[PDB]
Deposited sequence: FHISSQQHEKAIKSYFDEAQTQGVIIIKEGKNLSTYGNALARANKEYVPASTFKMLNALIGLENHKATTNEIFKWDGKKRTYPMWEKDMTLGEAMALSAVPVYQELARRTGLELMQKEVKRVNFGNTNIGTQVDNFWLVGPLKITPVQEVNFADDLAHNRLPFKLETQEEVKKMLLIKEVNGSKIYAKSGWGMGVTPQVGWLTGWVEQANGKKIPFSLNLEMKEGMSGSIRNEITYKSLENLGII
């Protein structure tokens, strides 16, 4: 509808302003990155990946045969932080529910060494996982920037990461979170509770098959629900005509 750039920029900054946080949303068309939001300098700062790490955690586990996509991870019967986690699930269900115990299990099956080696080989963030195989993505030392996250999403959306095509297709089928008038949104959220960072990193796949990667990165505040990350992302992507 021939909207100015100034006006797209202003509408998107105001989504972040109206949520009373600081954040950025990076979009990639082709090789070109565009940063929007109310705190542009966040784009190249380092944050914990938190649960966005599940995406690489799954790739690595599936590649190295530590799980299959059919395999049921049994709830062991301990009280878990949310009721939705007190059930048996597949890697894919666990991705939708962001179920830490399943992903911690998978990380322990991979083991620190194969994990350190594979995070180096795919060159994710600062690539340092420290000595603790089951929490490194939440409290350090692993860190990543919003630009590295959209680049990561871009790689995965186009099967360019160093993993078999089928492993990549298996993890991607797990990430479908929304369908809007012929578009599909694939993404993983993240919330570094261990200032708390919030992510939503992914791509939109358009009707015509074109794929536009994005990473939202913002500060999660006291009593904000996780779903603002989705609301701000849907509003930004629509404003830009991407969905």
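- Coordinate coverage of the deposited sequence is interrupted once, at 195-196, where no C-alpha atom was modelled.
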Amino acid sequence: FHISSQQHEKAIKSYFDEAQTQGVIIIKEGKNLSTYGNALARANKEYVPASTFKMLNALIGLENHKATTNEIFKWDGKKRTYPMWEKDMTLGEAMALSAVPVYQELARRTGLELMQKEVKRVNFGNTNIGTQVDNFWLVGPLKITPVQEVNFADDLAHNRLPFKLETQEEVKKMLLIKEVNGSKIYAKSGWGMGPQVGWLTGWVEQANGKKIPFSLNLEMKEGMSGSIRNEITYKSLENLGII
From here on, numbers count along this sequence of modelled residues.
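- Two stretches are in play, 20-28 and 223-231, and the higher mean C-alpha B-factor belongs to 223-231.
- Relative to its counterpart among 41-49 and 183-191, 183-191 has the higher mean temperature factor, C-alpha atoms as listed in the PDB entry.
- Taking the PDB entry at face value, the top CA B factor among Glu118, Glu93, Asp155, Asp88 belongs to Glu118.
- Residues shown: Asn126, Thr110, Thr81, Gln148. Highest C-alpha temperature factor in the entry: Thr81.
- Per-chain ranking of the deposited C-alpha B factor places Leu165 in the highest third.
- Sort the modelled residues of the chain by CA B factor and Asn135 lands in the highest third.
- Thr35: CA B factor in the middle third of modelled residues in this chain (values from the PDB entry).
- Sort the chain's modelled residues by C-alpha temperature factor and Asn70 lands in the highest third, per the entry.
- Per the deposited record, the Cα B-factor of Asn208 falls in the highest third when ranked against the other modelled residues of its chain.
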